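**Q** coords please:
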Amino acid sequence: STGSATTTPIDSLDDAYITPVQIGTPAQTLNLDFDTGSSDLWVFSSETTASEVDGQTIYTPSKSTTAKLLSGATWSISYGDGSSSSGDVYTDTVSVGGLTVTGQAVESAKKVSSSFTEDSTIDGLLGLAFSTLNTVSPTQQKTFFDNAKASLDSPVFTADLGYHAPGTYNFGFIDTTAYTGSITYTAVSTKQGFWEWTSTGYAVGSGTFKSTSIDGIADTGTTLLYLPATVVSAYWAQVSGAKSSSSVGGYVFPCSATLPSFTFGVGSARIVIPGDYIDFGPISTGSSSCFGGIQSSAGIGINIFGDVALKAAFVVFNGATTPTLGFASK
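**A** Numbers count the residues shown, from 1 in each chain. Take a look:
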């Protein structure tokens with residue numbers, strides 16, 4: 001089997017991407033944030049504290065003839081950005097772009113933190129990291145991908161995120177029309193439950209390539225590119241007037257600037273992030289200070305190849321017995 005679904009930016013900055021997901025019988029379509037950095041499929045629901053729902057579409061398990069309470073199961077998750085959610089668990093039928101999993105754990109939120117409430121466009125998350133990170137207790141549950149894997153034509157999914165435009169998540173096949181040149185594959189460590197890999201280096205603008213190993217995670221659920229302070233300083237040094245602002249929470253730059261590109265290495269291959277992809281706009285409405293899309297990972301504890309990086313590539317998440325990651329230009 002295969003599936004193919006369009007993923008759409010939630011706003012004009014590409015702060016996140018939403019993908020429609022069918023849950024239950026009859027189908028209830030929710031728009032979920034596909035997140036290769038976590039492993040829970042959770043939704044706003046009829047069980048979510050009413051004051052914490054503000055415009056989201058909710059899953060109502062009592063209206064699904066295939067929903068079953070997973071007795072005694074609870075979940076609770078905290079994300080890198082400080083947001084969180086928790087609740088109980090149903091199993092139900094879940095379909096993405098024509099690919100159907102029966103018996104998928106659907107984690108129903110009883111509580112969500114303010115950042116979730118405040119984002120009316122995201123109805124929940126669909127985790128695509130390794131199932132070892134799933135938070136359901138006392139019986140850990142599998143991700144949608146893990147459940148689908150054996151049925152797929154090939155045990156892979158691909159992320160093709162757009163810049164200020166829709167893109168595609170495919171399951172079970174590689175669309176050879178969706179990228180240019182060849183796909184370069186690179187090793188993955190699953191030791192921390194992430195799609196963790198090692199970039200071979202970077203360049204800033206038209207500058208020379210610096211060969212250096214940068215361990216990090218391919219994370220569709222993180223907006224920005226978070227890299228070591230040395231790398232980030234070298235980038236922003238090429239932008240007149242750019243500076244790190246403790247008050248704002250990272251590097252800012254004059255909105256009048258033209259940003260240089262940033263290149264990262266995948267083996268001997270190179271992925272070029274255009275400068276415009278690094279512009280996250282005014283820090284507040286009407287400001288001439290703009291927020292940067294490349295930020296320091298210092299104090300995160302891990303480097304994160306988030307959407308800024310991934311949207312410059314066609315990315316293969318190969319879930320073979322020994323997982324790997326592939327990157328192609330597009």
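**Q** restrict the helix or strand hosting residue 201 to CA atoms and write it as CSV.
**A** Using DSSP states H and E, residue 201 maps to strand 196-204. C-alpha atoms of strand 196-204 as CSV (Å, rounded to 0.1, in the frame of the first residue of the first chain):
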residue,chain,number,x,y,z
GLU,A,196,19.5,11.5,14.3
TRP,A,197,22.3,11.9,11.7
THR,A,198,25.6,13.7,11.1
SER,A,199,25.9,16.5,8.7
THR,A,200,29.4,16.8,7.0
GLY,A,201,29.6,20.6,7.3
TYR,A,202,28.4,23.9,6.1
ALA,A,203,28.9,27.1,4.1
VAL,A,204,27.6,30.6,4.4
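**Q** partner strands of the helix or strand just after it and their direction?
**A** As assigned by DSSP H and E, the chain's next helix or strand after strand 196-204 is strand 210-218. Partners of strand 210-218 in the sheet, by DSSP bridges, are strand 196-204 (antiparallel), strand 303-305 (parallel).
**Q** how far does the first one sit from its chain's centre?
**A** The chain centre lies 19 Å from the centre of strand 196-204; the measure is Cα atoms, centre = their mean, to the nearest Å.
**Q** buried set for that strand?
**A** For strand 196-204, the neighbour count (16 or more other Cβ atoms under 10 Å) marks 196-200, 202-204 as buried. To be clear about C-beta, it is placed using only N, CA and C from the backbone, and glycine gets the same treatment.
**Q** which pair in the residues you listed spans the largest distance?
**A** Using Cβ to Cβ, these span at most 24.1 Å, a distance reached by 196 and 204.
**Q** picking up where we left off before, would you convert the buried residues of strand 196-204 into JSON lines that also reports distance to residue 27?
**A** Below are the buried residues of strand 196-204 laid out as JSON lines (distance: Cβ to Cβ, whole Å):
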{"residue": "196", "distance to residue 27": "35"}
{"residue": "197", "distance to residue 27": "35"}
{"residue": "198", "distance to residue 27": "41"}
{"residue": "199", "distance to residue 27": "40"}
{"residue": "200", "distance to residue 27": "44"}
{"residue": "202", "distance to residue 27": "44"}
{"residue": "203", "distance to residue 27": "46"}
{"residue": "204", "distance to residue 27": "47"}
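**Q** for residue 19, give me its contacts.
**A** Residues counted as contacts of residue 19 (Cβ atoms under 8 Å, 6 or more residues apart in numbering) are 5-8, 31-34, 96-97, 126, 169.
**Q** mind redoing it with 10 Å?
**A** By Cβ atoms under 10 Å, 6 or more residues apart in numbering, the residues touching residue 19 are 5-8, 30-34, 96-97, 126, 166-169, 220.
**Q** element containing the residue nearest the centre of the chain?
**A** The centre of the chain sits closest to residue 220, judged by Cα atoms, centre = their mean, with a distance of 1.8 Å. Under the criterion of DSSP H and E, residue 220 resides outside all helices and strands.
**Q** thank you kindly, that will do.
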